[PDB]
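Chemist: Here the sequence shown is numbered in PDB author numbering, starting from 1 and rising by one per residue. Pasting a structure below so you can have a look.
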Amino acid sequence: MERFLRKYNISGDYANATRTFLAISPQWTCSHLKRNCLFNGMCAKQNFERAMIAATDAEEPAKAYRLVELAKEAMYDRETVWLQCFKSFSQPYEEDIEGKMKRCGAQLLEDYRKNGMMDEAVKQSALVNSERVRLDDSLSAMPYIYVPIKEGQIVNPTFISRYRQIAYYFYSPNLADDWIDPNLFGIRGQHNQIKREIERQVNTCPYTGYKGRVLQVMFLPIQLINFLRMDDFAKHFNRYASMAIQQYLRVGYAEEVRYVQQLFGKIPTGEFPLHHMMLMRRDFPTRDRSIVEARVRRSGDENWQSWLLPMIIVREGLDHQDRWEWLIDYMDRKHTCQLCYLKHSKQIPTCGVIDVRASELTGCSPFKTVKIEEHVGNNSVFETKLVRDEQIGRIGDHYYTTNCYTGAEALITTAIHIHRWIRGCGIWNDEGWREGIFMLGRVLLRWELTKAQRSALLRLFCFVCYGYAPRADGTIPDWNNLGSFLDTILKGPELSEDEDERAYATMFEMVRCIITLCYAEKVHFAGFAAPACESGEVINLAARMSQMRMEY
């Protein structure tokens, strides 16, 4: 193919089209209902290789750009481009897989280097120390901060525990008849007693060596202490309980509406919208009162995700008055992940997930509806065929797919989903490669890009393979500012015409190999057999050998 491009000096923008269509024209169906496609003997689309060699030494300067323009017009129906590209990648691509992946994996080093990514990565300290897994948004610990109040005064504690700044408070939740804001005026004097309580009972916090100074408190039930002694149960729970108080520490400030919005959706009018959403008489069959009483009264199990509060079943109740029955059913049966319960509740796969954080920065709307996919935790094989303007998304361990059109819209969604889940891994843990590059592949084939968006994805292959490399000090940098992230990705210098061809050749070949290994078929039928050996000269020889072996 290369002499066809180098002879006519076909530029790199056209050569992106011909490098795709050589793999597609072996199966590119066509019905020549308008007769423009035929090239003097045959379909030039369906026979793209033979017509290319025929147009090579014929030496026709018009017909070179004629065949590429006939190839670009072939590619416009991008939907069935994806059906033929992916199906052509599922059979064994019988070539040297590793050495092609090795050199193209070596070219993504220098592209990272000559980009400003390596200069930016030195500034990205405050490293990815052992909390590398990013927090979930459906799962929240905001109900446990409320004051447990009975008839007259706050319940005296039974057991006392502690984390780094937050204080734990164990009480039997059969007692407290109501729950009330810790920012209350009459309790504000009482509240600073109980901070002085805990550092007198339990000084420097048990889970880490940190000398004692308490500033917040959370009130917890009693049956949780039997689980919070267990070790891995603490690590998930503590950083999810301490996430609540930093939401709580902005409540008097002008930021707070964003935390109320992304966690809930609808916002109350009036002062304290956070508390006067979380604490209101809501529709129930059993105990017609606030939703913290719907959680605190109901127990948990060994799974740590059952104690915290699920938002997805909540936002059903906020918009339909049936759904409040379904909120109390989940808290009894105590399932772990949330989206699976809907699929087994005989429910349509559509539900809502909100992204107020990035949508205020760039995005169109934080609100969207998704199509769920199955609860997969072990298999990094995404194992799901995609069609009709869709894209992988992940919240929790459930994958989901989103209808998204006009792939500049679905460009940015990929830059966000990479920003969540590719962190912590790199050249060593390959679990971020084969899923991440598969996302980078689909956008590059299912949708149409412009010139500058080819400069965007080369930054992402340099980001997935090399963003979390251990730096010159051995420190592994942390990409956390989305305002520093997307402006580094989306805005940059425009690529050269010739380096477009060199980069897209490195993109498309790394795309094809990751699809090939995760979707090969190494099980086959035996295409041959050779039991052509002699009968007795094998058997009486092998029977002698055993008779010697048994002899002592």
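Beta carbons are placed, not taken as given, at the ideal position from N, Cα and C, and that holds for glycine.
With a threshold of 16 other CB atoms inside 10 Å of the CB of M311, please say whether the residue is buried or exposed.
Modeler: Along the sequence shown, one-based indexing puts residue 311 at 311. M311 comes out buried.
Chemist: Express the C-alpha separation of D13 and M331 in angstroms, rounding to a whole number.
Modeler: In the sequence shown, residue 331 corresponds to position 331, counting from 1. In the sequence shown, residue 13 corresponds to position 13, counting from 1. Those two C-alpha atoms are separated by around 57 Å.
Chemist: Select from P531, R357, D478 and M101 the residue whose C-alpha is nearest the C-alpha of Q124.
Modeler: One-based indexing of the sequence shown puts residue 124 at position 124. Taking only the C-alpha atoms, the option nearest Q124 is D478.
Chemist: My output table needs one value for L108: the three-state DSSP class, helix, strand or coil.
Modeler: Within the sequence shown, residue 108 is the residue found at index 108, counting from 1. In this structure, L108 counts as helix in the three-state DSSP scheme.
Chemist: Going by beta carbon distance, what residues of the same chain come within less than 7 Å of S455, once the five residues before and after it are set aside?
Modeler: Position 455 of the sequence shown, counting from 1, holds the residue named residue 455. Within the same chain, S455 has close Cβ partners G492, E494 and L495.
Chemist: Does the distance from the C-beta atom of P268 to that of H276 stay below 8 Å?
Modeler: Against the sequence shown, residue 268 aligns to sequence position 268. Against the sequence shown, residue 276 aligns to sequence position 276. In contact: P268 and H276 (Cβ atoms closer than 8 Å).
Chemist: For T413 and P173, I'd like the C-alpha separation in whole angstroms.
Modeler: As a position in the sequence shown, residue 413 is number 413, starting the count at 1. As a position in the sequence shown, residue 173 is number 173, starting the count at 1. Whole-angstrom Cα-Cα distance: 43 Å.
Chemist: Whole angstroms are fine: how far does the CA of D355 sit from the CA of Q247?
Modeler: Position 247 of the sequence shown, counting from 1, holds the residue named residue 247. Position 355 of the sequence shown, counting from 1, holds the residue named residue 355. Going from the Cα of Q247 to the Cα of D355 covers about 16 Å.
Chemist: Would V370 pass as a contact of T402 if the rule is Cβ separation under 8 Å?
Modeler: Within the sequence shown, the letter at position 370 stands for residue 370. Within the sequence shown, the letter at position 402 stands for residue 402. Yes; because the gap between Cβ atoms is below 8 Å, this pair is in contact.
Chemist: Mind checking which residues open and close the alpha helix (DSSP H) that includes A542?
Modeler: Here residue 542 refers to the residue found at position 542 when the sequence shown is read from its first residue. Taken as a continuous stretch (DSSP letters only), the alpha helix (DSSP H) holding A542 covers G536 to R549.
Chemist: What do you reckon, are the CB atoms on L67 and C465 nearer than 8 Å?
Modeler: To locate residue 67, count along the sequence shown from 1; it is residue 67. To locate residue 465, count along the sequence shown from 1; it is residue 465. It is not a contact, given that the beta carbons lie outside the stated cut-off.
Chemist: According to DSSP, is residue 585 helix, strand or coil?
Modeler: Limits of the chain in this structure are 1 at one end and 552 at the other, which puts residue 585 out of reach.
Chemist: Alpha carbon to alpha carbon, how far is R132 from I225? Give it in angstroms, no decimals.
Modeler: On the sequence shown, residue 225 is found 225 positions in, with the first residue counted as 1. On the sequence shown, residue 132 is found 132 positions in, with the first residue counted as 1. Approximately 26 Å, taken between the alpha carbons.
Chemist: With distances taken Cα to Cα, identify the nearest neighbour of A241 among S359, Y146 and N481.
Modeler: The residue you call residue 241 lines up with position 241 of the sequence shown. Closest by alpha carbon: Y146.
Chemist: What span of residues does the alpha helix (DSSP H) with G352 cover, start to end?
Modeler: Residue mapping note: residue 352 aligns to position 352 of the sequence shown, counting from 1. Not the alpha helix (DSSP H): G352 falls in the beta strand (DSSP E), residues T350 to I354.
Chemist: With the cut-off set at 8 Å, would you say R420 and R134 are in Cβ contact?
Modeler: Residue 420 sits at position 420 when you count from the first residue of the sequence shown. Residue 134 sits at position 134 when you count from the first residue of the sequence shown. Their beta carbons are under 8 Å apart, which means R420 touches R134 by this criterion.
Chemist: Would you decide whether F4 is buried or exposed? Buried here means 16 or more other CB atoms lie within 10 Å of its CB.
Modeler: On the sequence shown, position 4 is the one that residue 4 refers to. Flag for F4 reads buried.
Chemist: Answer with buried or exposed for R544, where buried requires no fewer than 16 other C-beta atoms within 10 angstroms of its C-beta.
Modeler: One-based indexing of the sequence shown puts residue 544 at position 544. Exposed is the call here.
Chemist: Helix, strand or coil: which one does DSSP assign to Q190?
Modeler: Within the sequence shown, numbered from 1, the residue matching residue 190 stands at position 190. The answer is helix: DSSP assigns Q190 an H, G or I state.
Chemist: I need the DSSP call for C533, collapsed to helix, strand or coil.
Modeler: Here residue 533 is taken as the residue at index 533 of the sequence shown, counted from 1. Residue state, collapsed to three classes: coil.
Chemist: According to DSSP, is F284 part of a helix, a strand, or is it coil?
Modeler: Position 284 of the sequence shown, counted from the start, is the residue given in the question as residue 284. Here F284 sits in coil by DSSP.
Chemist: Once DSSP output is grouped into helix, strand and coil, what is the label at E373?
Modeler: Residue 373 sits at position 373 when you count from the first residue of the sequence shown. Looking at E373 - three-state DSSP - the assignment turns out to be strand.
Chemist: Rounded to whole angstroms, what's the CA-CA distance from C404 to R446? Just pull it up for me.
Modeler: Numbered from its first residue, the sequence shown carries residue 404 at position 404. Numbered from its first residue, the sequence shown carries residue 446 at position 446. Approximately 11 Å, taken between the alpha carbons.
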